[PDB]
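# Chains, contacts and geometry: an overview
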Number of protein chains: 2
Amino acid sequence: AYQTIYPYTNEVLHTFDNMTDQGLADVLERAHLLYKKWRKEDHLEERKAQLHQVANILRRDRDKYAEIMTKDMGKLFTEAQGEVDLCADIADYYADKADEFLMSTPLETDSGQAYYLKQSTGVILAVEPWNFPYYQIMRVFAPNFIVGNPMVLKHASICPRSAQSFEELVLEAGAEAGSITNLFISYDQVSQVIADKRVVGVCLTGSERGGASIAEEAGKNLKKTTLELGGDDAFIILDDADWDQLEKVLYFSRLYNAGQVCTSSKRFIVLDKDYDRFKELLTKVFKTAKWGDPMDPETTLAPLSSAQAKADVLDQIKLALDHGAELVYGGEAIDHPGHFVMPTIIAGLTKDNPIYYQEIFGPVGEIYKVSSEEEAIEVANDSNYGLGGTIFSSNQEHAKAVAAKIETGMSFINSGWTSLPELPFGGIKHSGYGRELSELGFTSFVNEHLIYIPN
Amino acid sequence: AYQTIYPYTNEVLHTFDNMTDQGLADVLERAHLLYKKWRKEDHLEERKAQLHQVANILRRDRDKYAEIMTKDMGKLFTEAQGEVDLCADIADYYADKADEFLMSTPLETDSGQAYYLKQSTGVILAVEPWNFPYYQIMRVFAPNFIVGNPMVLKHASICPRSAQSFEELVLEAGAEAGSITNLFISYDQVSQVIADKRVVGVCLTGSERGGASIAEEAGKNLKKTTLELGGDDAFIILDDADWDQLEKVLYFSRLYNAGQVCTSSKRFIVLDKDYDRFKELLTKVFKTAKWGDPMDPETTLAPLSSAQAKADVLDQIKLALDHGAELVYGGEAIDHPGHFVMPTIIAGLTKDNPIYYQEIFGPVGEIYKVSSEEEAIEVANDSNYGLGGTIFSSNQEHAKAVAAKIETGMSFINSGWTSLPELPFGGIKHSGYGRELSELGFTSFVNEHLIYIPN
């Protein structure tokens, strides 16, 4: 069912009706016709203006959209405001970059005249998750809208107001109906969407189980995909780390969005010499957490997004301890109807402990002790994931050199993750493939169309 | 089932044994360790030199490799020599472009310093087809070898000597064992390879049946893919076409490789006024075909690549006729043990004739009648395919304008298809996704690895 249930109170705020098969067919036809219209007639300047207006309305109504996200999935209102801010920038970015990103590309050849165009292809299915309900949509809506690929959206079951309001936002901005349409549909209907010939690509952000299910169905139907999945990012503290600067980023690095971030700093990798010192430092930082009402500006730790999310995180902590890990800090129950998990730190994970290799989507710090920088890299790369990661080092060339040795899509130097419209975002291994944002995130579903005139 | 049967004589020339499970395990580990070696040690200049040496050996022994292809799958020896030539050029191209294509890319941001690296990812499975046994391998081996992604190859069951000799060629050039390894393996084993954690991407060229099977398995295992599939390219003759230039390219356009080309000119689209003239012109051209021994330099039409290929094409011709199409020319049996199909022209396909929308992988001309340029574009785009195509018009700017309106990945002006190392090759719809060749074909299985240093 599609329901808004506030994670702070566990109470129902909204219930939404499912889309019928005929409603879905009607939406796909409308989207296909819009694709054809944008191919036949030049409406680029209108779409650029409309995307700027999306950003404008997000600015005007920021607190409205921020609260919608908090009420859907529980995140701190301040974090949700920041998410709106980033969405504003992404929309403005792709509208501003439209002409440059759509320009024909000459090809060097002495055999004739050659270039390629960057053209729309059709209707794109976006499958997006609850942890960043707006940002994950905007990352794919903005570039696809600019090139002229209408979008249909299947969002998380627990953020239906976010999903519905996003469609409403785009219509409010003046975009033609069909530019994006939210689909309150079943998994079986999703399969039908993927098999529909009007649909020409699927972009997914979410879990690797959802990713595998969707990518399998897309492959069956010859549909191109991009996958933005989870991570188990290594935050590697080198022998020349600045420990003052280190302390200042730790809370954000693991506890932002209550740790429910694919690029959360999930595996801290620390040298033996520094191990006791880091245990104490991370404990100090985690102790500062104040859980409670995510609408309250004093609150610095949100409840998790659902009862199941909380259960799963608690079970993972328990699994870790049952297989020999050390409980360093926390792990005690929070007595409140909201889906709260207290900041918890574990260490002593060995390779035969399942949690050594599992992503924990909650506020769980993990400390991996290593004996050398070589081993730090080995442990960092001994992962089924490879999304982000951090290198902490006061020597810039040292930091860059270690970063290049990590098998991962992103390396953040002396800092936890961030995202900006101009920076490509994506991973390797079970973290997925393809890139979103920057110019790399513009061409995923464009037809690079060669035109060749031989001499 | 890996067996060379010469399509001219129907004689078995080679039977090969399948690779064992242990053999395959050993190959995958060798490939993985080679990936790690090339990550941890800079061997780019060695690989550049080795790839140039692959080109050197192909040049020196061109006739050997051409004959291998002819004997496997029946193509004209002269065409196979041309295929070798293109392979030489692709190899030299990626070796020459290596440093440019591998350069770090600075990213403009005022929030700090950012760049992304282009790094290898792991072992790539290439699944390749019989119609261009060497060229389809080289398109993916050359860029991946340069990147540092070792390759394992599953080739068509009917070109096993081509497949084995390609591995031998790379070894002869001095490349380290594991740079490419041919796999004589079952579909069971192919699925094993796709599920193996050491394998990080799958590139396939071939039919959409195999493409869908492979992409479905890749998706289930979160493995990135590119698909280069079939086409039903529209060759559109506009009202200002140069008919002398037109006559000169028609034979090649549909009868090169006996029509067994994803970018063959399968749908000729002609205006009412020109229809009778084109019918007799295409008939004139087709009657010049001389079938026979593909090793004989006077032979200008090869047998098809297998008994089943011939049977499939003959069945499609009959399906077309049974559903109301007109037999313009040909359609008569060639009495010979080889898999010969004579050049055949059909017309009068209607939208309820299945052949209107089917790819015929043989020497079958199809003439589609339209009453306007607008209708020609609509017919060209009314296709489950979108790989190549041709616009014929004396006004090249007009041809360029019309080409942009075609839903397809490539448009060839006043000419049939071609391929060059510097030109991207690929399609949309059921013709697949992704691009091979050019710099676009360099990055398919590269980790675009962001390094971000905030101020």
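Residues numbered from 1 in each chain as written, not as in the entry; some residues may be left out. Chains lettered and ligands numbered in written order. Heavy atoms only, no water.

The deposited coordinates, according to the entry record, derive from X-ray crystallography at 1.6 Å resolution.

## A short note on the packing of aromatic side chains
Both the distance between ring centres and the angle between the ring planes are used here to describe each pair of aromatic rings. For the structure shown, the criterion picks out 54 aromatic pairs over all chains. Here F141 of chain B and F145 of chain B contribute two aromatic rings whose centre-to-centre distance is 5.0 Å and whose plane-to-plane angle is 20 degrees, an arrangement assigned as stacked. Of this pair, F141 of chain B and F145 of chain B both sit in helix 5 (residues 135–147), separated by four residues, roughly a single helical turn. Residue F145 of chain B is classed as buried on the basis of its relative accessible area, which comes to 2%. Among the aromatic residues, ring-to-ring pairing joins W38, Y65, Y134, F141, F145 and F166 of chain A into one connected group. Across the ring face of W38 of chain B, the terminal group of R47 of chain B is positioned such that the distance to the ring centre comes to 4.7 Å. The residue whose ring lies beneath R267 of chain B is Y368 of chain B, and the NZ or CZ to ring-centre distance is 5.9 Å. (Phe/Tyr/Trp six-rings, centres within 6.5 Å; stacked < 30°, edge-to-face > 60°. Helix = DSSP H or I, 4+ residues; strand = E, 2+ residues; numbered from the N terminus. Buried < 20%, exposed > 50% of the residue type's maximum accessible area, 1.4 Å probe, protein only. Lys NZ or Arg CZ within 6 Å of the ring centre and 35° of its normal.)

## Considerations on the domain arrangement of chain A
All names here are of chain A. Partitioning chain A into structural domains gives domain 1 (1–230 + 421–455) and domain 2 (231–420). Relative to domain 2, the C-alpha centre of domain 1 lies at a distance of 30 Å. With 37 residues of domain 1 in contact, the opposing surface of domain 2 contributes 38 residues. Taking both sides of the interface into account, the surface hidden between domain 1 and domain 2 amounts to around 3100 Å²; carbon and sulfur atoms contribute 62%. At the junction of domain 1 with domain 2, the criterion picks out one salt bridge. Salt-bridge contacts for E407 lead to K429; the nearest nitrogen and oxygen are separated by 2.8 Å. Viewed at the interface, domain 2 and domain 1 are joined by 17 residue pairs in polar contact. Among the elements of the structure, helix 3 (62–73) and helix 4 (77–102) are those that each provide at least two residues to the side of domain 1 that touches domain 2. (Domains from an automatic or database assignment. Contact = heavy atoms within 4.5 Å. Buried area = accessible area lost by both parts, 1.4 Å probe. Salt bridge = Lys/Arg side-chain N within 4 Å of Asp/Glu carboxyl O. Polar contact = N/O pair within 3.5 Å; in protein donor to acceptor, adjacent residues only side chain to side chain.)

## Description of the interface of chain B and chain A
Facing the 63 residues of chain B at the interface are 63 residues of chain A. When chain B packs against chain A, close to 4900 Å² is buried across both sides, 59% of that on carbon and sulfur atoms. Together, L222, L450 and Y452 of chain B form the three largest contributors to the area buried by chain B at its contact with chain A, with a combined 14%. Applying the counting rule to chain B against chain A returns 32 residue pairs in polar contact. When residues of the side of chain B that touches chain A are traced back to their parent elements, those giving at least two are helix 1 (21–40), strand 4 (112–119), helix 8 (208–220), strand 9 (224–228), helix 13 (396–404), strand 16 (410–413) and strand 18 (447–454) of chain B.

## Looking at unusual backbone geometry
With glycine set apart, most residues show a phi of negative sign, and most peptide bonds adopt trans. Phi at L222 of chain A is positive, roughly 60 degrees, even though this residue is not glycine. Following the sequence through the fold, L222 of chain A ends up in the loop between helix 8 (208–220) and strand 9 (224–228).

## Examining the sheet that holds strand 3 (residues 105–106) of chain A
Strand order in the open sheet formed by ten strands is 3(A)-4(A)-18(A)-16(B)-15(B)-10(B)-11(B)-14(B)-13(B)-12(B), and the pairing between neighbours is mixed. Only two strands of the sheet have a single partner each, and these edge strands are strand 3 of chain A together with strand 12 (326–329) of chain B. Pairing analysis gives three bridges linking strand 10 (residues 234–237) of chain B to strand 15 (residues 390–392) of chain B, with the strands arranged parallel. By the bridge assignment for strand 15 of chain B, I236 of chain B is matched with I391 of chain B. Sitting on the sheet, helix 11 (residues 307–322) of chain B is in contact with strand 12, strand 13 (344–347) and strand 14 (364–370) of chain B, with an inclination near 30 degrees to strand 13 of chain B. (Pairing = 2+ DSSP bridges. Axes fitted to C-alpha atoms, helices over the stretch in contact; angles between N-to-C directions.)

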